[PDB]
Amino acid sequence: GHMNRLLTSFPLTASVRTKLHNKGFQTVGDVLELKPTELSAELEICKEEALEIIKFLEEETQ
Ligand SMILES: [Zn+2]
């Protein structure tokens with residue numbers, strides 16, 4: 001519902017905030033565009049850590 005909210009306005013872990021910024025992600029929609037395996041490939045993390053970001057932004061923007 002709030003796909004255009006900035007990722008920096010959420011209390012994501014410091015480590016994943018750094019990874020999102022360094023790989024060029026800006027908004028909720030930039031993350032929620034992707035499945036866990038797609039997001040983990042881009043951020044160079046494992047699938048479960050990608051799932052975690054996705055599920056948290058899904059509940060927070062709804
Ligand atoms: Zn895209």
Side-chain angles (χ1 to χ4, degrees):
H2 300 277
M3 294 303 178
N4 297 330
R5 177 158 167 204
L6 292 174
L7 295 164
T8 53
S9 69
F10 296 86
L12 301 174
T13 65
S15 61
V16 83
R17 276 164 101 277
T18 296
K19 294 190 174 71
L20 288 163
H21 172 74
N22 285 350
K23 293 300 189 204
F25 289 74
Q26 274 192 100
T27 63
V28 167
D30 298 337
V31 173
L32 291 186
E33 192 190 352
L34 308 185
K35 290 188 313 181
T37 57
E38 291 161 349
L39 179 61
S40 67
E42 306 258 312
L43 296 181
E44 293 181 65
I45 60 182
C46 301
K47 170 168 55 89
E48 188 180 74
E49 187 172 347
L51 173 76
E52 169 171 301
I53 305 161
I54 287 164
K55 288 303 179 179
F56 173 77
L57 297 174
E58 274 174 349
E59 292 166 355
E60 289 297 315
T61 47
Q62 115 75 17

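One-based numbering, in listed order, for ligands and for the atoms of each. Each residue takes its place number in the sequence, starting with 1.
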Original post:
Which protein N, O or S atoms does the Zn ion (ligand 1) have within a distance shorter than 2.8 Å?
Top reply: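 Protein N/O/S atoms under 2.8 Å of the Zn ion (ligand 1): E33 OE1, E33 OE2.
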**OP:** Check whether any side-chain heavy atom of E38 sits under 4.5 Å from a side-chain heavy atom of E33, and report yes or no.
**Re:**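 The answer is no, as the side chains (C-beta and beyond) never meet within the 4.5 Å cut-off.
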**OP:** Could you state whether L57 and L51 fall into the same hydrophobic cluster, counting links through intermediate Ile, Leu, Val, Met, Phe, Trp or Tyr residues with side-chain heavy atoms under 4.5 angstrom apart?
**Re:**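 Each belongs to a different hydrophobic cluster.
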Subject >> Residue pair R17 / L12: nearest heavy atoms and the distance that separates them >> reply: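 In this case the closest contact between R17 and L12 is CD-O, 3.4 Å.
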Original post:
Is there a side chain to side chain contact (heavy atoms under 4.5 Å, CB included) between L7 and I53 once you walk through the steps?
Top reply: CA-CA 10 Å; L7 295 164; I53 305 161; 5.7 Å; no
**OP:** Check the pair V16 / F56 against side chain to side chain contact (heavy atoms under 4.5 Å, CB included), numbers first and verdict last.
**Re:** CA-CA 13 Å; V16 83; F56 173 77; over 6 Å; no
Subject >> Any donor-acceptor pair under 3.5 Å from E49 side chain to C46 backbone >> reply: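 Judged by distance alone, no pair lies under 3.5 Å.
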